[PDB]
Amino acid sequence: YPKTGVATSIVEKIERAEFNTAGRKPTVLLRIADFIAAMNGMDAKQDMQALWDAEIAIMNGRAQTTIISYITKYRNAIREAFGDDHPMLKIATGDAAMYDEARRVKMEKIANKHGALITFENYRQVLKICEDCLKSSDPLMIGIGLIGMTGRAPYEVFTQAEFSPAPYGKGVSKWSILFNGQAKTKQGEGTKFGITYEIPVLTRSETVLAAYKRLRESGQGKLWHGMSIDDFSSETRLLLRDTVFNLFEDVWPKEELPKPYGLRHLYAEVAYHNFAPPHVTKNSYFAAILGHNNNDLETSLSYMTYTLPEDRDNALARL
DNA sequence: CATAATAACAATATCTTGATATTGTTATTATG
């Protein structure tokens with residue numbers, strides 16, 4: 001329980017914003033900075049509650065998801081400045097109704113998605129383009145292609161992936177590689193944090209490994225390698241968004257616009273269509289090749305958004 | 001006038017059962 005501390009990263013993002021050529025003012029980070037500053041020397045729990053009530057009063061008219069994210073930022077700032085043993089962490093949090101409502105909305109959306117699958121008609125063309133991206137010299141393209149072939153998150157692919165050959169007896173497997181650098185684990189006890197596990201690929205392993213070798217040994221590749229989430233989000237996110245938008249404009253399902261993370265979803269689908277053993281469940285296989293938490297089958301529910309045209313045909317044939 | 005750069009604004013999917021870490025989209029800035 002310290003009374004002193006400073007959220008270093010936030011203030012750094014503030015001072016790196018004063019001499020910007022253009023762009024929004026870091027008003028939220030200012031809010032947080034003044035918050036942490038006002039927290040210095042505070043031992044009056046009531047006044048802490050008043051401060052947080054002020055901060056909450058500020059977020060009004062903003063989306064619930066947005067408010068939740070902001071609260072996450074605040075809590076991480078408090079943890080950075082004062083530590084995990086600070087009473088404010090039990091004050092600076094959203095009311096339970098907000099989280100319960102968010103969960104309800106999430107479950108509702110997932111249910112609706114399972115009730116109305118999107119037929120990925122031109123998925124072979126998408127996998128083909130994504131295969132062609134592996135032979136490009138542009139690190140961005142190679143990254144997109146690696147997302148497509150390995151089903152790793154953009155953050156994983158560009159920043160912290162560790163692809164290595166997977167043994168197949170004495171030789172080397174053709175349709176599987178080893179992966180290390182799982183994200184969003186939060187260093188869970190039963191997660192793939194720092195765990196090298198085997199994943200299937202949608203092309204021959206040699207091509208993937210070679211393309212990734214050309215990725216890491218590039219300039220932009222070593223700029224990306226080891227980045228934080230915010231660095232990458234500010235560096236590549238919009239460019240990646242536009243590039244992905246253009247790459248799969250007229251082959252992507254008409255219902256939705258082509259987003260990068262979709263390449264993961266799709267991946268799983270076809271990864272289940274061409275590699276899945278008969279003694280496992282689709283949920284189990286998804287949770288296996290995606291590197292989900294131990295004994296978790298509920299996260300896999302979020303990836304079942306598409307359906308392959310062949311399966312659609314084999315289900316239409318029911319007459 | 002005007003289009004590029006930036007962080008607000010927002011939603012998703014993961015570990016966990018109340019939140020965090022990601023991915024995704026838009027309003028606002030300086031500036032020239």
Side-chain angles (χ1 to χ4, degrees), chain A residues 10 13-14 16-32 58-80 84 89-90 92-110 112-113 144 147 151-160 181-193 227-245 256-265 268 286-287 290-305:
Chain A
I10 278 74
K13 294 180 180 178
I14 288 299
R16 282 191 290 99
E18 292 189 1
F19 40 80
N20 284 341
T21 304
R24 272 179 167 266
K25 299 289 185 176
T27 61
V28 172
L29 298 104
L30 286 180
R31 230 46 190 82
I32 302 176
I58 301 310
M59 316 180 196
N60 203 314
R62 298 306 158 204
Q64 298 294 275
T65 58
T66 305
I67 294 183
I68 294 174
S69 303
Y70 287 173
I71 290 180
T72 296
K73 295 184 179 181
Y74 277 87
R75 295 179 58 85
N76 288 329
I78 299 174
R79 274 193 168 93
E80 183 183 13
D84 306 336
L89 294 176
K90 282 180 168 53
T93 183
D95 68 281
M98 192 172 62
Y99 295 108
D100 293 339
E101 179 66 20
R103 189 185 319 183
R104 189 202 122 271
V105 173
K106 185 227 302 178
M107 289 169 50
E108 175 183 284
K109 289 175 174 173
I110 300 176
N112 291 337
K113 291 190 305 176
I144 301 179
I147 299 177
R152 300 311 114 186
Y155 188 62
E156 300 176 351
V157 171
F158 291 106
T159 301
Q160 56 199 21
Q182 185 77 4
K184 306 181 61 179
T185 55
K186 294 189 292 295
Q187 303 191 22
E189 195 154 325
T191 58
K192 293 296 170 58
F193 175 70
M227 270 191 178
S228 64
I229 169 68
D230 274 85
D231 288 334
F232 178 84
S233 298
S234 55
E235 187 74 14
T236 315
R237 184 124 290 154
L238 273 305
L239 176 59
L240 181 64
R241 174 172 170 262
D242 205 41
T243 307
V244 163
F245 270 160
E256 66 177 32
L257 265 60
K259 275 96 64 177
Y261 203 81
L263 266 52
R264 187 170 171 91
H265 286 213
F286 276 28
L290 267 42
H292 289 169
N293 190 32
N294 229 284
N295 306 325
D296 181 36
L297 300 173
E298 199 169 14
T299 308
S300 62
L301 269 45
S302 302
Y303 290 84
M304 301 174 179
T305 56

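Reminder, nothing fancy here: chain letters follow the sequence lines and each chain counts from 1. Basis for what follows: all heavy atoms, side chains included, without hydrogens, waters or symmetry-related copies.
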Give me the ring orientation class for A:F232 and A:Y155: parallel if the planes are under 30° apart, tilted from 30 to 60°, perpendicular past 60°. perpendicular
Give A:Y261 one of three labels, base, sugar-phosphate or nothing, depending on what nucleic acid heavy atoms sit under 4.0 Å from its own. sugar-phosphate
Which of B:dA30, B:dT20, B:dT22 is nearest the side chain of A:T72? It is B:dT20
A:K109 side chain near B:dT12 phosphate (N/O to OP1/OP2, under 4.0 Å): yes
Separation between the P atoms of B:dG24 and B:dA19, rounded to whole Å: 26 Å
For the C1' atoms, the ones on B:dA11 and on B:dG32, what distance do you get once it is rounded to whole angstrom? 35 Å
Remember a base hit wins even if backbone is also touched, and classify A:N76 as base, sugar-phosphate or nothing at under 4.0 Å, heavy atoms. sugar-phosphate
Would one find a side-chain N or O of A:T93 under 4.0 angstrom from OP1 or OP2 of B:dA19? yes
Give one of base, sugar-phosphate or nothing for A:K259, where a contact means two heavy atoms less than 4.0 Å apart. sugar-phosphate
Would you kindly compare A:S234 and A:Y99 by the position of their nearest DNA chain B nucleotide and give the one closer to the 5′ end? A:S234
Strictly distance-based, threshold 3.5 Å: is any side-chain N or O of A:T93 a donor or acceptor partner for the main-chain N or O of A:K90? no
With DNA chain B as reference, determine whether A:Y155 or A:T305 sits nearer its 5' end, using the nearest nucleotide of each. A:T305
Taking only side-chain nitrogens and oxygens of A:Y70, does any of them come within less than 4.0 Å of OP1 or OP2 of B:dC9? yes
Is A:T66 near enough to B:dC9 that one of its side-chain N or O atoms lies under 4.0 angstrom from OP1 or OP2? no
A:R62 has its side chain closest, among B:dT17, B:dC9, B:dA13, to B:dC9
When all nucleic acid strands are considered with a 4.0 Å heavy-atom cut-off, which category describes A:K25: base, sugar-phosphate, or nothing? sugar-phosphate
For a quick test of reading the model: is some side-chain N or O of A:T65 closer than 4.0 Å to OP1 or OP2 of B:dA11? yes
Would you tell me if any nitrogen or oxygen in the side chain of A:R241 comes within less than 4.0 Å of OP1 or OP2 on B:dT23? no
Hey, does the side-chain of A:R237 have a donor or acceptor N/O within less than 3.5 Å of a partner on the base of B:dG24? no
Distance-only, no hydrogens or angles: does the A:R152 side chain make a donor-acceptor pair with backbone N or O of A:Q182 under 3.5 Å? no
Is the shortest side-chain N/O distance from A:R24 to OP1 or OP2 of B:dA5 below 4.0 Å? no
Side-chain N or O of A:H265 versus OP1/OP2 of B:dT12: is the shortest distance under 4.0 Å? no
Does OP1 or OP2 of B:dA7 have a side-chain N or O of A:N20 closer than 4.0 Å? yes
When you measure from the side-chain N and O atoms of A:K73 to the phosphate of B:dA21, is any distance below 4.0 Å, counting only OP1 and OP2? no
Taking the P atom in each of B:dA10 and B:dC15, what is the distance between them to the nearest angstrom? 27 Å
Does a distance-only test, which skips hydrogens and angles, find a donor-acceptor pair under 3.5 Å between the side chain of A:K106 and the base of B:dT14? yes
Touch check for A:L29, heavy atoms < 4.0 angstrom, all strands: base, sugar-phosphate only, or nothing? sugar-phosphate
Under 3.5 Å donor-acceptor pair, A:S69 side-chain atoms to B:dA11 base atoms: yes
Between B:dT23 and B:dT14, how far is it from one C1' atom to the other, in whole Å? 13 Å
Donor-acceptor contact present, side-chain A:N20 to main-chain A:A17, <3.5 Å: yes
